[PDB]
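S.K.: There's a structure below that I have some questions on.
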Amino acid sequence: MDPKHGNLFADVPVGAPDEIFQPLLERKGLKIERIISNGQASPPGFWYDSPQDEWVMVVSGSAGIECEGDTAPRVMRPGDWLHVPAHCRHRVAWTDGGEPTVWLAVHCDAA
Amino acid sequence: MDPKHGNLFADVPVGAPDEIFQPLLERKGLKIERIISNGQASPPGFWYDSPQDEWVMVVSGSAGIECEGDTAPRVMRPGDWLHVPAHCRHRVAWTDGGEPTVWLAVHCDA
């Protein structure tokens with residue numbers, strides 16, 4: 001009923017040892033969330049693989065992401081986004097080593 | 001099938017007379033889009049009223065959004081987001097008069 005609001009750069013832990021996820025909106029078949037990285041990368045051997053599509057953007061900091069079948073990871077600065085269709089595998093090659101990397105991620109039906 | 005990528009700061013038409021909307025992802029009951037404003041505001045007496053929820057954020061620039069009942073516009077700067085539930089009436093009171101306002105909006109089911 002009532003509108004909620006926030007700021008994506010507020011209450012961001014600097015130096016947390018592991019990535020943090022916080023949902024912003026949850027509806028049937030839909031999730032919008034903030035991700036806070038502090039220099040972590042996907043562990044060796046690890047690939048994400050989801051039955052939902054993902055749309056993800058770097059809002060602050062920086063990163064590299066590799067999609068399977070690509071020749072190399074892709075540089076992602078603030079404003080760069082990526083659509084990962086369901087079942088397309090991907091990994092985080094790196095995140096910024098000097099500051100938090102804040103992302104906005106949307107998970108939704110492949111439909 | 002294959003992944004796509006882009007940059008929200010690429011191909012920004014500065015000073016376009018009207019607001020520009022461009023979908024980044026469309027699925028059943030879902031639309032992610034980029035919006036570019038260049039100082040435009042909702043016309044007098046206009047209110048949006050959608051059967052969908054909207055989640056919207058200012059990525060660059062600034063704006064004021066006024067939800068029905070608000071005593072003043074909510075000032076939004078980079079990183080600020082707002083969830084507008086389905087059928088909550090709202091309008092854009094102003095957008096930055098000095099630079100483009102780049103928004104990311106998500107429309108989904110209530």
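Those protein sequences? They're chains B and A, same order as listed. All letters in the first sequence, in the order written, are residues 1 to 111 by the authors' numbering. All letters in the second sequence, in the order written, are residues 1 to 110 by the authors' numbering. Just so it is clear, CB atoms sit at the ideal spot from N, CA and C, and this is done for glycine as well.
Applying a beta-carbon distance threshold of less than 9 Å, which residues of chain B neighbour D11 (chain A)?
M.R.: The premise fails here: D11 (chain A) is roughly 12 Å from chain B at the closest Cβ pair, so nothing lies under 9 Å.
S.K.: Can you tell me where the beta strand (DSSP E) holding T95 (chain B) begins and where it ends?
M.R.: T95 (chain B) -> beta strand (DSSP E) spans 90 to 95.
S.K.: Across which residues does DSSP place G64 (chain B) in a beta bridge pair?
M.R.: Paired residues: B:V75, B:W94.
S.K.: Assuming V102 (chain A) and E54 (chain A) are in contact, meaning their beta carbons sit under 8 Å apart, how far apart are those beta carbons, in whole angstroms?
M.R.: Not a contact, Cβ separation roughly 16 Å.
S.K.: Quick one: what's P23 (chain A) bridged to in DSSP?
M.R.: BP columns for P23 (chain A) point to A:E33.
S.K.: If you measure from the beta carbon of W81 (chain B) to each beta carbon in chain A, is any gap under 9 Å?
M.R.: It does: the Cβ of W81 (chain B) has a partner Cβ on chain A nearer than 9 Å.
S.K.: Pop quiz: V59 (chain A) and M76 (chain A) are said to be a contact at Cβ under 8 Å. What is the actual Cβ separation, rounded to whole angstroms?
M.R.: Wrong, their Cβ atoms sit about 10 Å apart, outside the cutoff.
S.K.: Leaving aside the five residues before and after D109 (chain A) along the sequence, list all residues of the same chain whose C-beta is less than 6 Å from its C-beta, in chain order.
M.R.: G29, listed in sequence order.
S.K.: Quick one: using the 10 Å Cβ neighbour count with 16 as the cut-off for buried, is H87 (chain B) buried or exposed?
M.R.: That one is exposed.
S.K.: At a Cβ cut of 9 Å, what residues of the stretch 77 to 104 of chain B count as close to chain A, listed as they run along the chain?
M.R.: Correct list: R77, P78, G79, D80, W81, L82, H83, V84, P85, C88, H90, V102, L104.
S.K.: By a C-beta neighbour count over all protein chains shown, 10 Å radius and 16 as the cutoff for buried, is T95 (chain B) buried or exposed?
M.R.: Its Cβ being crowded by 16 or more others within 10 Å, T95 (chain B) is buried.
S.K.: Of all the options A:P17, A:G79, A:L8, which has the alpha carbon lying nearest to the alpha carbon of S62 (chain A)?
M.R.: When only C-alpha atoms are compared, the closest one is A:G79.
S.K.: Under 8 Å between beta-carbons, which chain A residues line up against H5 (chain B)? List them in chain order, please.
M.R.: What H5 (chain B) touches in chain A: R74, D80, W81, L82, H83.
S.K.: Here's the rule: buried if 16 or more other CB atoms are within 10 angstroms of the residue's CB, otherwise exposed. What is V14 (chain B)?
M.R.: Under this definition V14 (chain B) is an exposed residue.
S.K.: Give, in chain order, every residue of the stretch 28 to 47 of chain A whose Cβ lies closer than 8 Å to some Cβ of chain B.
M.R.: Residues passing the 8 Å Cβ filter: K28, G29, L30, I32.
S.K.: Run through chain B and tell me which residues come within less than 8 Å of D53 (chain A), C-beta to C-beta.
M.R.: Here the neighbours are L25, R27.
S.K.: What's the gap between the Cα of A10 (chain B) and the Cα of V84 (chain A)?
M.R.: Distance between the alpha carbons of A10 (chain B) and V84 (chain A): 20 Å.
S.K.: Any beta-carbon of chain A closer than 9 Å to the one on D49 (chain B)?
M.R.: Not one chain A Cβ lies under 9 Å of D49 (chain B).
S.K.: Under the rule that 16 or more other beta-carbon atoms within 10 Å means buried, what is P100 (chain A), buried or exposed?
M.R.: Counting Cβ neighbours within 10 Å, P100 (chain A) comes out buried, since at least 16 surround it.
S.K.: Kindly indicate which three-state DSSP category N7 (chain A) falls into: helix, strand or coil?
M.R.: Strand, per DSSP.
S.K.: Along the chain, where does the beta strand (DSSP E) that runs through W103 (chain B) open and close?
M.R.: It spans 101 to 108 - the beta strand (DSSP E) in which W103 (chain B) sits, taken as one unbroken run.
S.K.: DSSP beta-bridge partners for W81 (chain A)?
M.R.: DSSP lists B:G6, A:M57 as partners of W81 (chain A).
S.K.: Between B:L24, B:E66, B:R34, which lies nearest to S42 (chain B) when the distance is taken from Cα to Cα?
M.R.: Of B:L24, B:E66, B:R34, the residue nearest in Cα terms is B:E66.
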